[PDB]
Amino acid sequence: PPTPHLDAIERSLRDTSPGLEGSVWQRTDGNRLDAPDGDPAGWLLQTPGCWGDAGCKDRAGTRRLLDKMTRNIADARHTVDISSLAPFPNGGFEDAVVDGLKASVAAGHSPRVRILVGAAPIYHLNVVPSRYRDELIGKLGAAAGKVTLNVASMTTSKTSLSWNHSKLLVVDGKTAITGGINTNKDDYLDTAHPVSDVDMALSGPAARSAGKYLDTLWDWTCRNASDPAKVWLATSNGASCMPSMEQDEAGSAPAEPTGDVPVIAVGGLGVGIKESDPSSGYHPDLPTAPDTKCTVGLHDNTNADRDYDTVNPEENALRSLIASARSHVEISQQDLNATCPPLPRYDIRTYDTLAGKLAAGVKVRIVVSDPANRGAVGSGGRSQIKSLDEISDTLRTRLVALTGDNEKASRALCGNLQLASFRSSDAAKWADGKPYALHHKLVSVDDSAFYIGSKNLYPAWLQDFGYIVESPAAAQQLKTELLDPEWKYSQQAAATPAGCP
């Protein structure tokens, strides 16, 4: 089957990051979207799972996620690989890890386990790696002796604000769950106003790709444990750090196919792991038109650093994904814009790509977290804009840089853009009083190809990861289970840009 969208993205990645192919990004064939029996769209893991249910009393989506995480870990024979934003997995997420590992050990196995979290310089870790390890060992009981733990918290750049933001659970290098969902008790589980989020589950070669990505992070992490300012590390049973757990598990034989889905795994190394891809001949003309509303204090890695692109293929993968749209693009995000300063307000190439689509008559929908969501720098669901106008005005500006006419700009913008704040029911706010918050990092194109992962479209220089799938069948499921419902309710909070009927 043809894969025109993957092909274009692959061209972009091989131009940007040829040396990172097979570690930080990889295209594979023969994957399977991992859905349970009798639930074919079940590979798509939404939380809390309450479309058109303002009460959201049951939260079946959350229960399904935790259930699936537990089952995947229960099935482990050799390796369990977990990454997240700090804190270390707690509440029901930790229960899933403990229960799964206990089952694995009960089934005769001695799993190796890596648990990696990223921490901002201003973030204080309450439960540090040694204490988290001890806590797990306690919960594991007699099984602890059979489980090899590596637990670490990391920060790769203090000045360039870089640390792990990827959200992965990879088992035996053959199943993978990834997406926007942080294993954080207080965002999804113990709360009356749960954040809306999306993960996906797959099996096959692309799971190994995810594993190879975590090996790249742990190679750095293990080496830089020599600097406690950057890395805090704790192991159990006197075990060594395990930089290449996934490669050891992979061995020499190729990953076996589990289905027929083609996938590009793609991530990024942020700042402070690797300065550039030395084999890259990537040579872009980086944007000349600077944001007329803000100036970055920090060096702009998003908009003005060639080297950063070469070790962050995910940035260009998202841009080329959007650029591959021939009919329509849906963007579902926490934010399209970042708080500026210290970060650039937006990714210029992304916005220019979008403007290009609008001008060409390609339908563009952007749904973001309601600006009413003001949280601290670290929290999921918060908004980094005061009004949806900050998105449409920027598109208008870029449209004007493109068409040379503001009337031309208006016809493109007003005729082809849908722009709204996220809603999941007819209710505007939870019974909580608090507004609905969106944590998606999702892009879907032509109901054919889509990204689900941890990489936000708003500027951030973190280590992130995600999958891009090309499958009309799978994208149909995404449309039905997530995108059509999102718009059914969110259109009630749609924006009408300035200069539009």
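Residues numbered from 1 in each chain as written, not as in the entry; some residues may be left out. Heavy atoms only, no water.

- The PDB entry lists the protein chain under the name Phospholipase D, with Streptomyces antibioticus as the source organism.
- Entered under Catalytic activity in the UniProt record, the comment concerning the protein chain runs "a 1,2-diacyl-sn-glycero-3-phosphocholine + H2O = a 1,2-diacyl-sn-glycero-3-phosphate + choline + H(+)".
- Quoted verbatim from the Sequence similarities field of UniProt, the annotation for the protein chain is "Belongs to the phospholipase D family." (UniProt positions renumbered as here; feature names shortened; annotations may be inferred.)

### Structural notes on the packing of helix α11 (residues 389-403) against helix α12 (residues 406-416)
Line of reasoning, step 1. Viewed as axis vectors pointing N to C, α11 and α12 meet at an angle of 130 degrees, and their least axial separation amounts to 9 Å. Considered as vectors, α11 and α12 are oriented oblique to each other. Here the hand of the crossing between α11 and α12 comes out right-handed. Judged by residue contacts, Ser-392, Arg-396, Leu-399, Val-400 and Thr-403 of α11 engage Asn-406, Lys-408, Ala-409, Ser-410, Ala-412, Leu-413 and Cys-414 from α12. (Axes fitted to C-alpha atoms, helices over the stretch in contact; angles between N-to-C directions. Helix = DSSP H or I, 4+ residues; strand = E, 2+ residues; numbered from the N terminus. Parallel < 35°, antiparallel > 145°, perpendicular 65-115°, else oblique. Left-handed = near helix turned anticlockwise from the far one by under 90°. Contact = heavy atoms within 4.5 Å.)

### A word on the environment of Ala-142
Line of reasoning, step 1. Of note, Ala-142 is situated in the loop between α4 (129-140) and β5 (148-154).
Line of reasoning, step 2. Accessibility expressed as a relative area gives 82% for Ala-142, which makes it exposed.
Line of reasoning, step 3. Once the C-alpha coordinates of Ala-142 and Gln-418 are considered, the two residues, 276 residues apart in sequence, prove to be 56 Å apart. (Buried < 20%, exposed > 50% of the residue type's maximum accessible area, 1.4 Å probe, protein only.)

### Brief notes about the side chain of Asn-373
Line of reasoning, step 1. Note on placement: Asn-373 falls in the loop between β12 (363-368) and α11.
Line of reasoning, step 2. Filtering out sequence-adjacent residues up to four positions away, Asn-373 remains in contact with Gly-381, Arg-382, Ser-383, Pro-435, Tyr-436 and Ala-437.

### Let's talk about the packing of aromatic side chains
Line of reasoning, step 1. With the rule as written, the count across this model stands at 8 aromatic pairs.
Line of reasoning, step 2. Pairing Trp-430 with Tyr-436 gives two aromatic rings, centres 4.5 Å apart and planes at 15 degrees, and the pair type is stacked.
Line of reasoning, step 3. When its relative accessible area of 6% is taken as the criterion, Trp-430 is described as buried.
Line of reasoning, step 4. A relative accessible area of 2% means that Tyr-436 is categorised as buried.
Line of reasoning, step 5. Taking the centre distance of 5.2 Å and the plane angle of 85 degrees together, the rings of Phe-465 and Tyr-467 count as edge-to-face. The burial state of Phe-465 is the same as that of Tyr-467; both residues are buried.
Line of reasoning, step 6. By way of ring pairs, the aromatic residues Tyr-213, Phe-465 and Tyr-467 are connected into one cluster. (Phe/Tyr/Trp six-rings, centres within 6.5 Å; stacked < 30°, edge-to-face > 60°.)

### Considering empty space enclosed by the protein
Line of reasoning, step 1. With the rule as written, the count across this model stands at 3 cavities of 30 Å³ or more.
Line of reasoning, step 2. The wall of the largest cavity is formed by 15 residues, among which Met-69, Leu-168, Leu-169, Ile-181 and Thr-183 lie closest to the centre.
Line of reasoning, step 3. The element that contributes the greatest number of residues to the lining of the largest cavity is strand β3 (residues 79-85), accounting for 3 residues.
Line of reasoning, step 4. When the residues that make up the lining of the largest cavity are grouped by side-chain class, the tally is 9 nonpolar, 4 polar and 2 charged. (1 Å grid on protein atoms, 1.4 Å probe; cavity = no way out; pocket = protein on both sides within 12 Å on 5 of 7 lines; lining within 4 Å. Points joined across faces, edges and corners; volume = space filled by probe spheres on them. Nonpolar A, V, L, I, M, F, W, Y, C, P; charged D, E, K, R; others polar.)

### Examining the UniProt feature "domain: PLD phosphodiesterase" in the protein chain
Line of reasoning, step 1. Here, the residues flagged by UniProt with the feature "domain: PLD phosphodiesterase" are residues 160-187 and 434-461.
Line of reasoning, step 2. Secondary structure content for residues 160-187 is 11% helix and 32% strand, while the C-alpha to C-alpha distance between its ends is 26 Å.
Line of reasoning, step 3. For residues 434-461, the end-to-end C-alpha separation is 29 Å, with 0% helix and 36% strand making up the annotated structure.

### Quick look at helix α9 (residues 313-323)
Line of reasoning, step 1. Across the 11 residues of α9, 10 count as buried, placing the element largely inside the fold.
Line of reasoning, step 2. Within α9, the full set of buried residues consists of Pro-313, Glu-314, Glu-315, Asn-316, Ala-317, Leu-318, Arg-319, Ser-320, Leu-321 and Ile-322.

### Quick look at the environment of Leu-482
Line of reasoning, step 1. Within the secondary structure, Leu-482 sits in helix α13 (residues 472-490).
Line of reasoning, step 2. Accessibility expressed as a relative area gives 0% for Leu-482, which makes it buried.
Line of reasoning, step 3. Ignoring any residue separated from it by four or fewer positions in sequence, one finds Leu-482 in contact with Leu-44, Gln-46, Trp-51, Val-198, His-440, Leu-442 and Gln-477.

### Things to note about the domain arrangement of the protein chain
Line of reasoning, step 1. By domain assignment, the protein chain separates into domain 1 (1-42 + 260-501) and domain 2 (43-259).
Line of reasoning, step 2. Each partner contributes to the interface: domain 1 provides 67 residues, whereas domain 2 provides 61 residues.
Line of reasoning, step 3. Roughly 4,900 Å² of surface becomes buried between domain 1 and domain 2 when both sides are summed, with 62% attributable to carbon and sulfur atoms.
Line of reasoning, step 4. Our count for the contact surface shared by domain 1 and domain 2 stands at 1 salt bridge. (Domains from an automatic or database assignment. Buried area = accessible area lost by both parts, 1.4 Å probe. Salt bridge = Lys/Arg side-chain N within 4 Å of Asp/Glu carboxyl O.)

### Focus: the state of the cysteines
Line of reasoning, step 1. Evaluated as defined, the whole model comprises 4 disulfides.
Line of reasoning, step 2. Here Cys-294 pairs with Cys-340 through a disulfide, and the sulfurs are 2.1 Å apart. With the S-S dihedral at roughly -90 degrees, the linkage between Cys-294 and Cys-340 falls on the left-handed side. Of this pair, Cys-294 sits in the loop between β10 (261-269) and α8 (306-310) while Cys-340 is found in the loop between β11 (328-333) and α10 (348-359), placing the two residues 46 residues apart along the sequence.
Line of reasoning, step 3. A residue is classified by how much of its surface remains accessible, and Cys-340, at 22% relative accessible area, is partly exposed. (Disulfide = S-S within 2.5 Å.)

### What to know about the nonpolar core
Line of reasoning, step 1. Ranked by size, the top nonpolar core spans 82 residues in total, and within it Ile-366, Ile-391 and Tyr-467 carry the most contacts.
Line of reasoning, step 2. With 9 residues, helix α6 (residues 205-224) is the single largest residue contributor to this core.
Line of reasoning, step 3. Counting 36 residues, the second largest nonpolar core, distinct from the first, contains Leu-65, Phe-93, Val-147 and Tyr-188. (Core = buried A, V, L, I, M, F, W, Y, C linked by side-chain atoms within 4.5 Å.)

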